[PDB]
>>> print(open('model-v9.txt').read())   # compact mmCIF, C-alpha atoms and all ligand atoms
# COMPACT_ATOMS: atom_id res chain seq x y z
CA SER A 694 3.29 -21.21 96.62
CA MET A 695 6.51 -20.46 98.56
CA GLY A 696 7.97 -17.97 96.04
CA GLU A 697 6.35 -16.11 93.11
CA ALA A 698 2.68 -16.77 92.29
CA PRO A 699 1.82 -19.34 89.60
CA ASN A 700 1.74 -18.08 86.02
CA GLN A 701 -1.59 -19.37 84.68
CA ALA A 702 -1.39 -17.63 81.28
CA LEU A 703 -2.66 -19.62 78.27
CA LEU A 704 -0.16 -20.37 75.47
CA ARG A 705 -2.30 -20.80 72.37
CA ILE A 706 -0.97 -23.08 69.60
CA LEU A 707 -2.30 -21.90 66.21
CA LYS A 708 -2.41 -23.94 62.97
CA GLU A 709 -0.45 -22.72 59.90
CA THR A 710 -3.66 -22.85 57.83
CA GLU A 711 -5.50 -20.49 60.24
CA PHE A 712 -3.44 -17.50 59.00
CA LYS A 713 -1.67 -16.06 55.95
CA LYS A 714 1.33 -13.74 55.45
CA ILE A 715 0.55 -10.75 53.22
CA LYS A 716 3.90 -8.92 53.13
CA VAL A 717 7.15 -8.24 55.02
CA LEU A 718 6.95 -5.27 57.43
CA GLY A 719 10.59 -5.32 58.61
CA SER A 720 13.82 -7.23 59.29
CA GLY A 721 16.69 -6.73 61.77
CA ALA A 722 18.15 -7.88 65.11
CA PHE A 723 14.57 -8.29 66.46
CA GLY A 724 13.92 -10.85 63.66
CA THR A 725 11.67 -10.65 60.59
CA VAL A 726 8.10 -9.35 61.05
CA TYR A 727 5.36 -9.96 58.43
CA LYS A 728 1.88 -8.44 58.13
CA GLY A 729 -0.85 -11.12 58.14
CA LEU A 730 -4.44 -12.15 58.81
CA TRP A 731 -5.56 -14.69 61.40
CA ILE A 732 -8.91 -16.40 60.76
CA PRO A 733 -9.96 -18.81 63.58
CA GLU A 734 -11.85 -21.62 61.76
CA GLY A 735 -14.96 -21.80 63.98
CA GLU A 736 -15.62 -18.05 64.24
CA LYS A 737 -16.60 -15.44 61.63
CA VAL A 738 -13.65 -13.21 62.53
CA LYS A 739 -10.49 -11.87 60.82
CA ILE A 740 -7.69 -10.50 63.01
CA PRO A 741 -4.79 -8.38 61.70
CA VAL A 742 -1.50 -9.85 62.94
CA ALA A 743 2.24 -9.27 63.07
CA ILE A 744 4.09 -12.54 62.56
CA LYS A 745 7.69 -12.71 63.95
CA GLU A 746 10.31 -15.22 62.69
CA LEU A 747 14.10 -14.98 63.24
CA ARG A 748 16.09 -14.23 60.05
CA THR A 751 16.84 -22.16 62.48
CA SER A 752 19.04 -23.23 65.40
CA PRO A 753 18.31 -24.88 68.82
CA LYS A 754 19.69 -21.68 70.46
CA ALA A 755 17.44 -19.44 68.32
CA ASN A 756 14.43 -21.59 69.22
CA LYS A 757 15.15 -21.32 72.98
CA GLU A 758 15.45 -17.51 72.89
CA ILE A 759 12.32 -17.00 70.78
CA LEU A 760 10.28 -19.28 73.11
CA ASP A 761 11.59 -17.39 76.18
CA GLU A 762 10.30 -14.24 74.49
CA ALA A 763 6.92 -15.90 73.78
CA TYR A 764 6.70 -16.96 77.44
CA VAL A 765 6.98 -13.34 78.55
CA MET A 766 4.66 -11.96 75.82
CA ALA A 767 1.98 -14.58 76.63
CA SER A 768 2.13 -13.58 80.33
CA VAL A 769 1.27 -9.87 79.91
CA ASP A 770 -2.19 -8.28 79.57
CA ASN A 771 -2.40 -4.46 79.56
CA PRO A 772 -3.67 -1.84 77.08
CA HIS A 773 -0.19 -0.28 76.71
CA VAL A 774 1.67 -3.60 76.34
CA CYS A 775 1.73 -5.81 73.20
CA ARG A 776 0.41 -9.32 73.84
CA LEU A 777 1.05 -12.67 72.16
CA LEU A 778 -1.98 -14.14 70.42
CA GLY A 779 -0.25 -17.48 69.96
CA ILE A 780 2.57 -19.47 68.36
CA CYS A 781 2.76 -21.67 65.28
CA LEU A 782 5.03 -24.73 65.43
CA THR A 783 6.20 -25.23 61.86
CA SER A 784 9.89 -26.00 61.22
CA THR A 785 10.39 -22.25 61.77
CA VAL A 786 8.78 -21.21 65.09
CA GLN A 787 6.46 -18.20 64.56
CA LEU A 788 5.17 -15.70 67.11
CA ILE A 789 1.73 -14.34 66.17
CA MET A 790 1.10 -10.89 67.64
CA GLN A 791 -1.38 -8.06 67.30
CA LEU A 792 -0.74 -5.89 64.22
CA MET A 793 0.47 -2.38 65.10
CA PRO A 794 -0.32 -0.69 61.75
CA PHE A 795 1.56 2.59 62.16
CA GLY A 796 4.87 0.86 63.03
CA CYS A 797 7.38 1.87 65.67
CA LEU A 798 7.10 5.22 67.39
CA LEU A 799 10.69 6.24 66.54
CA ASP A 800 10.00 5.98 62.79
CA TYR A 801 6.62 7.69 63.31
CA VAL A 802 8.02 10.82 65.02
CA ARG A 803 10.70 11.13 62.31
CA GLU A 804 8.19 10.74 59.49
CA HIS A 805 5.39 12.90 61.00
CA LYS A 806 7.56 15.57 62.82
CA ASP A 807 5.67 18.49 61.22
CA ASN A 808 2.25 17.15 62.44
CA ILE A 809 3.09 16.05 66.00
CA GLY A 810 1.83 18.39 68.72
CA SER A 811 2.43 18.58 72.45
CA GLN A 812 -0.79 16.75 73.32
CA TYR A 813 0.34 13.63 71.43
CA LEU A 814 3.90 13.70 72.82
CA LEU A 815 2.73 13.98 76.43
CA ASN A 816 -0.01 11.36 76.04
CA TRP A 817 2.59 8.98 74.58
CA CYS A 818 4.79 9.56 77.64
CA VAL A 819 1.85 8.73 79.92
CA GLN A 820 0.94 5.59 78.00
CA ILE A 821 4.54 4.26 78.10
CA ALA A 822 4.76 5.02 81.80
CA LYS A 823 1.51 3.03 82.31
CA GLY A 824 2.83 0.14 80.23
CA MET A 825 6.07 0.12 82.21
CA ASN A 826 4.28 0.49 85.58
CA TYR A 827 2.25 -2.60 84.67
CA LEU A 828 5.48 -4.53 83.97
CA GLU A 829 6.75 -3.37 87.38
CA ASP A 830 3.52 -4.65 89.01
CA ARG A 831 4.32 -8.02 87.38
CA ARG A 832 7.85 -7.98 88.88
CA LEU A 833 9.21 -7.78 85.30
CA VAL A 834 12.19 -5.71 84.06
CA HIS A 835 12.13 -4.90 80.32
CA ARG A 836 15.91 -4.20 79.91
CA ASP A 837 15.49 -2.75 76.35
CA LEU A 838 13.02 0.15 76.51
CA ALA A 839 13.47 2.60 73.64
CA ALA A 840 11.46 4.51 71.05
CA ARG A 841 12.17 1.71 68.49
CA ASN A 842 10.33 -0.73 70.86
CA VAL A 843 7.18 1.37 71.38
CA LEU A 844 4.65 0.65 68.65
CA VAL A 845 1.74 2.64 67.27
CA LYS A 846 -1.70 0.98 67.11
CA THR A 847 -3.18 4.37 66.26
CA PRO A 848 -1.56 7.79 66.68
CA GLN A 849 -3.61 8.11 69.92
CA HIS A 850 -2.64 4.61 71.27
CA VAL A 851 0.90 3.22 71.69
CA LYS A 852 2.18 -0.01 73.29
CA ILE A 853 5.49 -1.39 74.56
CA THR A 854 6.88 -4.48 72.83
CA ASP A 855 10.10 -6.54 72.36
CA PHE A 856 10.57 -8.78 75.41
CA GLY A 857 13.78 -10.38 74.01
CA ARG A 858 15.92 -9.12 76.94
CA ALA A 859 13.04 -9.04 79.49
CA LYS A 860 13.59 -10.75 82.89
CA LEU A 861 12.14 -11.06 86.43
CA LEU A 862 13.61 -8.82 89.20
CA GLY A 874 26.14 -10.12 72.60
CA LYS A 875 25.28 -6.52 71.63
CA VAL A 876 23.56 -4.43 74.36
CA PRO A 877 21.77 -1.04 74.12
CA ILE A 878 24.51 0.95 75.87
CA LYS A 879 23.06 4.42 75.07
CA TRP A 880 19.68 3.62 76.70
CA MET A 881 21.15 1.86 79.79
CA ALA A 882 21.70 3.14 83.32
CA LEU A 883 25.28 3.56 84.49
CA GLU A 884 25.04 0.71 87.03
CA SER A 885 23.83 -1.64 84.25
CA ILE A 886 26.86 -0.69 82.11
CA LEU A 887 29.44 -0.93 84.90
CA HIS A 888 28.01 -3.85 86.94
CA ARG A 889 25.21 -5.53 84.85
CA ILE A 890 22.69 -4.46 87.55
CA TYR A 891 19.16 -4.13 86.16
CA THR A 892 16.15 -3.02 88.22
CA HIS A 893 12.83 -1.28 87.50
CA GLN A 894 14.77 1.92 88.23
CA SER A 895 17.26 1.09 85.46
CA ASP A 896 14.16 0.86 83.17
CA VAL A 897 13.32 4.41 84.37
CA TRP A 898 16.70 5.63 83.02
CA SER A 899 15.70 4.10 79.68
CA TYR A 900 12.27 5.78 79.82
CA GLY A 901 14.21 9.04 80.28
CA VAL A 902 16.16 8.35 77.10
CA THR A 903 12.97 7.28 75.29
CA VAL A 904 11.28 10.57 76.21
CA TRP A 905 14.31 12.47 74.90
CA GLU A 906 14.03 10.55 71.62
CA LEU A 907 10.39 11.64 71.23
CA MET A 908 10.93 15.28 72.26
CA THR A 909 13.78 15.56 69.71
CA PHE A 910 11.57 13.92 67.02
CA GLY A 911 13.77 10.81 66.77
CA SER A 912 17.32 12.05 67.28
CA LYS A 913 20.08 9.50 67.89
CA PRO A 914 21.27 9.91 71.51
CA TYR A 915 24.96 10.74 71.89
CA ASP A 916 25.11 10.95 68.07
CA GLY A 917 28.65 10.40 66.78
CA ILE A 918 29.91 8.98 70.11
CA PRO A 919 30.95 5.27 70.20
CA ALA A 920 29.36 3.15 72.95
CA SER A 921 32.66 2.34 74.76
CA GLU A 922 33.07 6.04 75.72
CA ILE A 923 29.52 6.43 77.19
CA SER A 924 30.26 5.04 80.70
CA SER A 925 33.04 7.58 81.48
CA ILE A 926 30.93 10.45 80.02
CA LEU A 927 28.07 9.58 82.43
CA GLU A 928 30.50 9.07 85.35
CA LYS A 929 31.86 12.61 84.66
CA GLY A 930 28.25 13.89 84.85
CA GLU A 931 27.32 14.69 81.23
CA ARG A 932 23.78 13.95 80.15
CA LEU A 933 21.68 14.33 77.02
CA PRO A 934 20.92 18.03 76.32
CA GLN A 935 17.61 19.86 76.73
CA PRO A 936 15.62 19.54 73.47
CA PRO A 937 14.46 22.90 71.92
CA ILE A 938 10.76 22.18 72.54
CA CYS A 939 11.22 21.16 76.20
CA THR A 940 10.40 23.42 79.06
CA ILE A 941 12.62 23.08 82.12
CA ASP A 942 9.60 21.26 83.68
CA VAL A 943 9.80 18.38 81.18
CA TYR A 944 13.61 18.30 81.01
CA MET A 945 13.86 18.22 84.82
CA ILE A 946 11.88 14.93 84.69
CA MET A 947 14.29 13.38 82.16
CA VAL A 948 17.25 14.53 84.30
CA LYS A 949 15.74 12.79 87.38
CA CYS A 950 15.55 9.55 85.35
CA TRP A 951 19.34 9.91 84.83
CA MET A 952 20.48 10.27 88.48
CA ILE A 953 23.37 8.12 89.74
CA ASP A 954 21.30 7.05 92.77
CA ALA A 955 18.63 4.65 91.45
CA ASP A 956 16.16 5.25 94.31
CA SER A 957 16.38 9.01 93.67
CA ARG A 958 14.92 8.50 90.18
CA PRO A 959 11.15 8.67 89.79
CA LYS A 960 8.91 5.63 90.03
CA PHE A 961 6.84 4.89 86.91
CA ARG A 962 3.66 5.61 88.93
CA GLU A 963 4.97 9.15 89.64
CA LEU A 964 5.78 9.69 85.95
CA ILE A 965 2.22 8.71 85.03
CA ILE A 966 1.04 11.38 87.49
CA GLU A 967 3.50 14.06 86.31
CA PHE A 968 2.95 13.62 82.59
CA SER A 969 -0.84 13.36 83.04
CA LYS A 970 -0.87 16.72 84.87
CA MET A 971 1.11 18.20 81.97
CA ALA A 972 -1.13 16.53 79.39
CA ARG A 973 -4.06 18.64 80.75
CA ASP A 974 -2.26 21.85 79.59
CA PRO A 975 0.31 20.70 76.95
CA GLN A 976 1.38 24.15 75.66
CA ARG A 977 2.62 25.12 79.13
CA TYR A 978 5.14 22.25 79.01
CA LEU A 979 6.12 21.78 75.32
CA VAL A 980 6.70 24.75 73.03
CA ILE A 981 6.15 23.67 69.41
CA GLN A 982 5.82 26.18 66.54
CA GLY A 983 2.38 25.88 64.93
CA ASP A 984 1.08 23.58 67.67
CA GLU A 985 -2.59 22.46 67.77
CA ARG A 986 -3.08 23.48 64.15
CA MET A 987 -1.74 19.93 63.63
CA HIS A 988 -3.81 16.91 62.52
CA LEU A 989 -3.06 13.15 62.71
CA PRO A 990 -5.19 10.15 61.52
CA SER A 991 -8.04 8.88 63.76
CA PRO A 992 -10.21 5.72 63.76
CA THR A 993 -13.05 8.18 63.00
CA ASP A 994 -11.44 9.28 59.69
CA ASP A 1006 -6.49 25.47 91.71
CA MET A 1007 -6.61 22.93 88.82
CA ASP A 1008 -2.79 22.59 88.57
CA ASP A 1009 -2.22 19.52 90.75
CA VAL A 1010 -5.51 17.85 89.68
CA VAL A 1011 -5.04 14.22 88.61
CA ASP A 1012 -7.78 11.82 87.54
CA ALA A 1013 -8.08 8.76 89.78
CA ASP A 1014 -7.32 6.44 86.79
CA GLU A 1015 -3.82 7.97 86.73
CA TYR A 1016 -3.44 7.87 90.55
CA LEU A 1017 -2.48 4.23 91.24
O1 LIG B 1 3.21 -4.73 64.32
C1 LIG B 1 4.37 -4.98 64.57
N1 LIG B 1 5.38 -4.53 63.77
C2 LIG B 1 5.29 -3.71 62.67
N2 LIG B 1 4.22 -3.10 62.25
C3 LIG B 1 4.53 -2.28 61.23
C4 LIG B 1 3.77 -1.44 60.42
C5 LIG B 1 4.38 -0.68 59.44
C6 LIG B 1 5.76 -0.74 59.26
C7 LIG B 1 6.53 -1.57 60.06
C8 LIG B 1 5.93 -2.34 61.05
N3 LIG B 1 6.39 -3.23 62.00
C9 LIG B 1 7.79 -3.63 62.18
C10 LIG B 1 8.41 -3.15 63.50
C11 LIG B 1 9.39 -4.23 63.99
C12 LIG B 1 10.27 -3.75 65.15
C13 LIG B 1 9.52 -3.66 66.48
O2 LIG B 1 8.65 -4.79 66.68
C14 LIG B 1 8.90 -5.89 67.46
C15 LIG B 1 10.21 -6.21 67.87
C16 LIG B 1 10.45 -7.32 68.65
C17 LIG B 1 9.40 -8.14 69.03
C18 LIG B 1 8.11 -7.86 68.64
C19 LIG B 1 7.83 -6.74 67.84
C20 LIG B 1 6.40 -6.49 67.47
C21 LIG B 1 6.07 -5.91 66.24
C22 LIG B 1 4.73 -5.69 65.84
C23 LIG B 1 3.77 -6.03 66.80
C24 LIG B 1 4.15 -6.60 68.01
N4 LIG B 1 5.41 -6.82 68.32
>>> encode(input="model-v9.txt", output="structure tokens", more="lines below")
Ligand SMILES: O=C1Nc2nc3ccccc3n2CCCCCOc2ccccc2-c2cc1ccn2
Amino acid sequence: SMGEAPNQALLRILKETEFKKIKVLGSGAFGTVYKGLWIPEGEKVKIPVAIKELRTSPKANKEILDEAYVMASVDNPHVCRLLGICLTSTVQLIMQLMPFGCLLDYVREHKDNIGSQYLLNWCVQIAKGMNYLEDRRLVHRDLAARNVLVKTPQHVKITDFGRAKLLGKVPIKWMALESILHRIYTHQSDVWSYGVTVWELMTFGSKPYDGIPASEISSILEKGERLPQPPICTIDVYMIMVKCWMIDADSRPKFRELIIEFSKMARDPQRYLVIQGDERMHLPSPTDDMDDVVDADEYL
């Protein structure tokens, strides 16, 4: 082809009778998500699923199918994928169930049991998920802790491709300055958002710029104010957030560099995050010289 490569992803159409809704998991601007079970008729398999419907219009149906397009076209361990769609009167996106919910709610709920190893590994995994999106020439445009989901406490994935695009109400407090002032979105504007996301996690789910209305945020950033250093953050970790929030986009880190930096820190978590009572902390499992060293799997 002359331009971008052909997108040969498979959109799978699934029958209504192949799956069942069990209960509602949540509602909001993202839509309405149900817990369910998908049982492909031929095979002896049962697959836990999240089923998204909007809370119908021809406009609503366009937007939701644009989202399904993008979700069907991704394939990465730290990115939520579309299993299929069901074409009843209400269009339904069938997705992989993320049992522990969104990471923002998780950090708030399990604050007293989250240690530095988990926090840093989450940062790595999100950076990997985002770096994969960058490799696919795809800008998320809505990265936040509310859009990172928890498969297990050890494994998180990025989701919510409703604003996602190739290279209403908007998430002003997670957006780069240039996006606010000029609607410019790049991979490096996603980095700003990663910065904010990390701050959310390191503060155990604090609202950024809490009390400040969104219309004042642009002039605050112009003046040079940024989100403050969380109590548990070493200067090492805060410095990385601060780089994500530079005026010059190219001066911010690349996602591949963040994978490297956080993975180095993840080898010795207590050097980089100071948490009272750390590593006496337990979270549920499925079974329930050396400073600059980086494993090749993290060096892309
Ligand atoms: O498993 C998914 N959700 C889900 N599991 C839960 C378990 C416990 C309690 C609540 C739970 N929730 C609700 C979270 C909804 C907000 C974020 O989710 C999305 C927002 C936009 C588009 C897609 C998705 C999405 C959601 C799930 C899986 C793949 N994608």
>>> residues_near_ligand(input="model-v9.txt", ligand="ligand LIG 1 (chain B)", cutoff="9 Å", atoms="only C-alpha atoms and all ligand atoms", output="PDB file with C-alpha atoms, in the frame of the given file")
ATOM      1  CA  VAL A 717       7.150  -8.240  55.020  1.00  0.00           C
ATOM      2  CA  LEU A 718       6.950  -5.270  57.430  1.00  0.00           C
ATOM      3  CA  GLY A 719      10.590  -5.320  58.610  1.00  0.00           C
ATOM      4  CA  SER A 720      13.820  -7.230  59.290  1.00  0.00           C
ATOM      5  CA  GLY A 721      16.690  -6.730  61.770  1.00  0.00           C
ATOM      6  CA  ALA A 722      18.150  -7.880  65.110  1.00  0.00           C
ATOM      7  CA  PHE A 723      14.570  -8.290  66.460  1.00  0.00           C
ATOM      8  CA  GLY A 724      13.920 -10.850  63.660  1.00  0.00           C
ATOM      9  CA  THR A 725      11.670 -10.650  60.590  1.00  0.00           C
ATOM     10  CA  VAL A 726       8.100  -9.350  61.050  1.00  0.00           C
ATOM     11  CA  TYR A 727       5.360  -9.960  58.430  1.00  0.00           C
ATOM     12  CA  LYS A 728       1.880  -8.440  58.130  1.00  0.00           C
ATOM     13  CA  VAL A 742      -1.500  -9.850  62.940  1.00  0.00           C
ATOM     14  CA  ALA A 743       2.240  -9.270  63.070  1.00  0.00           C
ATOM     15  CA  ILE A 744       4.090 -12.540  62.560  1.00  0.00           C
ATOM     16  CA  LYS A 745       7.690 -12.710  63.950  1.00  0.00           C
ATOM     17  CA  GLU A 762      10.300 -14.240  74.490  1.00  0.00           C
ATOM     18  CA  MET A 766       4.660 -11.960  75.820  1.00  0.00           C
ATOM     19  CA  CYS A 775       1.730  -5.810  73.200  1.00  0.00           C
ATOM     20  CA  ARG A 776       0.410  -9.320  73.840  1.00  0.00           C
ATOM     21  CA  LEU A 777       1.050 -12.670  72.160  1.00  0.00           C
ATOM     22  CA  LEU A 788       5.170 -15.700  67.110  1.00  0.00           C
ATOM     23  CA  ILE A 789       1.730 -14.340  66.170  1.00  0.00           C
ATOM     24  CA  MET A 790       1.100 -10.890  67.640  1.00  0.00           C
ATOM     25  CA  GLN A 791      -1.380  -8.060  67.300  1.00  0.00           C
ATOM     26  CA  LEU A 792      -0.740  -5.890  64.220  1.00  0.00           C
ATOM     27  CA  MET A 793       0.470  -2.380  65.100  1.00  0.00           C
ATOM     28  CA  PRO A 794      -0.320  -0.690  61.750  1.00  0.00           C
ATOM     29  CA  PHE A 795       1.560   2.590  62.160  1.00  0.00           C
ATOM     30  CA  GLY A 796       4.870   0.860  63.030  1.00  0.00           C
ATOM     31  CA  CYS A 797       7.380   1.870  65.670  1.00  0.00           C
ATOM     32  CA  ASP A 800      10.000   5.980  62.790  1.00  0.00           C
ATOM     33  CA  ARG A 841      12.170   1.710  68.490  1.00  0.00           C
ATOM     34  CA  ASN A 842      10.330  -0.730  70.860  1.00  0.00           C
ATOM     35  CA  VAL A 843       7.180   1.370  71.380  1.00  0.00           C
ATOM     36  CA  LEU A 844       4.650   0.650  68.650  1.00  0.00           C
ATOM     37  CA  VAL A 845       1.740   2.640  67.270  1.00  0.00           C
ATOM     38  CA  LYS A 846      -1.700   0.980  67.110  1.00  0.00           C
ATOM     39  CA  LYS A 852       2.180  -0.010  73.290  1.00  0.00           C
ATOM     40  CA  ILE A 853       5.490  -1.390  74.560  1.00  0.00           C
ATOM     41  CA  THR A 854       6.880  -4.480  72.830  1.00  0.00           C
ATOM     42  CA  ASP A 855      10.100  -6.540  72.360  1.00  0.00           C
ATOM     43  CA  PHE A 856      10.570  -8.780  75.410  1.00  0.00           C
ATOM     44  CA  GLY A 857      13.780 -10.380  74.010  1.00  0.00           C
TER      45      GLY A 857
END
>>> axis_aligned_box(input="model-v9.txt", around="range 841-844 of chain A", padding_each_side="5 Å", output="lines of an AutoDock Vina configuration file")
center_x = 8.4
center_y = 0.5
center_z = 69.9
size_x = 17.5
size_y = 12.4
size_z = 12.9
>>> residues_around(input="model-v9.txt", residues="residue 883 in chain A", least_positions_apart="3", cutoff="8 Å", atoms="only C-alpha atoms", output="JSON, numbers by chain")
{"A": [886, 887, 924, 927, 928, 953]}
>>> residues_near_point(input="model-v9.txt", point="(20.6, 1.4, 91.8)", cutoff="10 Å", atoms="only C-alpha atoms", output="PyMOL selection string")
chain A and resi 882-885+890-895+952-958
>>> closest_residue(input="model-v9.txt", among="A:858, A:850, A:716, A:932", to="residue 837 in chain A", atoms="all atoms listed in the file")
A:858
>>> atom_distance(input="model-v9.txt", atom1="CA of residue 838 in chain A", atom2="CA of residue 925 in chain A")
21.9 Å
>>> atom_distance(input="model-v9.txt", atom1="CA of residue 848 in chain A", atom2="CA of residue 906 in chain A")
16.6 Å
>>> atom_distance(input="model-v9.txt", atom1="CA of residue 984 in chain A", atom2="CA of residue 807 in chain A")
9.4 Å
>>> closest_residue(input="model-v9.txt", among="A:739, A:977, A:962, A:705", to="residue 1014 in chain A", atoms="only C-alpha atoms")
A:962
>>> closest_residue(input="model-v9.txt", among="A:910, A:961, A:944, A:827", to="residue 896 in chain A", atoms="only C-alpha atoms")
A:961
>>> closest_residue(input="model-v9.txt", among="A:821, A:1010, A:698, A:979", to="residue 774 in chain A", atoms="all atoms listed in the file")
A:821
>>> closest_residue(input="model-v9.txt", among="A:714, A:741, A:900, A:767", to="residue 700 in chain A", atoms="only C-alpha atoms")
A:767
>>> build_atoms(input="model-v9.txt", residues="range 987-1011 of chain A", atoms="N, CA, C and O atoms", output="PDB file, in the frame of the given file")
ATOM      1  N   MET A 987      -2.317  21.163  64.131  1.00  0.00           N
ATOM      2  CA  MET A 987      -1.740  19.930  63.630  1.00  0.00           C
ATOM      3  C   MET A 987      -2.744  18.787  63.730  1.00  0.00           C
ATOM      4  O   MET A 987      -3.398  18.622  64.762  1.00  0.00           O
ATOM      5  N   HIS A 988      -2.832  17.996  62.658  1.00  0.00           N
ATOM      6  CA  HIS A 988      -3.810  16.910  62.520  1.00  0.00           C
ATOM      7  C   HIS A 988      -3.117  15.579  62.236  1.00  0.00           C
ATOM      8  O   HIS A 988      -2.226  15.517  61.384  1.00  0.00           O
ATOM      9  N   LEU A 989      -3.535  14.525  62.947  1.00  0.00           N
ATOM     10  CA  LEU A 989      -3.060  13.150  62.710  1.00  0.00           C
ATOM     11  C   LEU A 989      -4.242  12.176  62.537  1.00  0.00           C
ATOM     12  O   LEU A 989      -5.307  12.421  63.106  1.00  0.00           O
ATOM     13  N   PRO A 990      -4.056  11.066  61.773  1.00  0.00           N
ATOM     14  CA  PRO A 990      -5.190  10.150  61.520  1.00  0.00           C
ATOM     15  C   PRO A 990      -5.866   9.546  62.770  1.00  0.00           C
ATOM     16  O   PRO A 990      -5.204   9.248  63.770  1.00  0.00           O
ATOM     17  N   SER A 991      -7.187   9.398  62.681  1.00  0.00           N
ATOM     18  CA  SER A 991      -8.040   8.880  63.760  1.00  0.00           C
ATOM     19  C   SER A 991      -8.777   7.639  63.238  1.00  0.00           C
ATOM     20  O   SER A 991      -8.898   7.455  62.021  1.00  0.00           O
ATOM     21  N   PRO A 992      -9.251   6.764  64.154  1.00  0.00           N
ATOM     22  CA  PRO A 992     -10.210   5.720  63.760  1.00  0.00           C
ATOM     23  C   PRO A 992     -11.467   6.290  63.094  1.00  0.00           C
ATOM     24  O   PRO A 992     -11.972   5.698  62.144  1.00  0.00           O
ATOM     25  N   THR A 993     -11.942   7.429  63.598  1.00  0.00           N
ATOM     26  CA  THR A 993     -13.050   8.180  63.000  1.00  0.00           C
ATOM     27  C   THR A 993     -12.556   9.112  61.875  1.00  0.00           C
ATOM     28  O   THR A 993     -12.595  10.340  62.010  1.00  0.00           O
ATOM     29  N   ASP A 994     -12.101   8.523  60.766  1.00  0.00           N
ATOM     30  CA  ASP A 994     -11.440   9.280  59.690  1.00  0.00           C
ATOM     31  C   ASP A 994     -11.433   8.513  58.360  1.00  0.00           C
ATOM     32  O   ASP A 994     -11.361   7.282  58.322  1.00  0.00           O
ATOM     33  N   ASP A1006      -5.118  25.974  91.613  1.00  0.00           N
ATOM     34  CA  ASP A1006      -6.490  25.470  91.710  1.00  0.00           C
ATOM     35  C   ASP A1006      -6.652  24.118  90.989  1.00  0.00           C
ATOM     36  O   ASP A1006      -6.885  23.088  91.633  1.00  0.00           O
ATOM     37  N   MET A1007      -6.495  24.134  89.664  1.00  0.00           N
ATOM     38  CA  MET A1007      -6.610  22.930  88.820  1.00  0.00           C
ATOM     39  C   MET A1007      -5.241  22.361  88.419  1.00  0.00           C
ATOM     40  O   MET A1007      -5.170  21.413  87.633  1.00  0.00           O
ATOM     41  N   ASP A1008      -4.165  22.914  88.983  1.00  0.00           N
ATOM     42  CA  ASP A1008      -2.790  22.590  88.570  1.00  0.00           C
ATOM     43  C   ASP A1008      -2.411  21.169  88.936  1.00  0.00           C
ATOM     44  O   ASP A1008      -1.987  20.393  88.079  1.00  0.00           O
ATOM     45  N   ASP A1009      -2.580  20.839  90.214  1.00  0.00           N
ATOM     46  CA  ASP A1009      -2.220  19.520  90.750  1.00  0.00           C
ATOM     47  C   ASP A1009      -3.355  18.474  90.646  1.00  0.00           C
ATOM     48  O   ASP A1009      -3.250  17.392  91.220  1.00  0.00           O
ATOM     49  N   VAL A1010      -4.423  18.791  89.916  1.00  0.00           N
ATOM     50  CA  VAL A1010      -5.510  17.850  89.680  1.00  0.00           C
ATOM     51  C   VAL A1010      -5.031  16.690  88.815  1.00  0.00           C
ATOM     52  O   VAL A1010      -4.348  16.880  87.807  1.00  0.00           O
ATOM     53  N   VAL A1011      -5.410  15.489  89.243  1.00  0.00           N
ATOM     54  CA  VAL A1011      -5.040  14.220  88.610  1.00  0.00           C
ATOM     55  C   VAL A1011      -6.270  13.339  88.697  1.00  0.00           C
ATOM     56  O   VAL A1011      -6.832  13.167  89.779  1.00  0.00           O
TER      57      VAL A1011
END
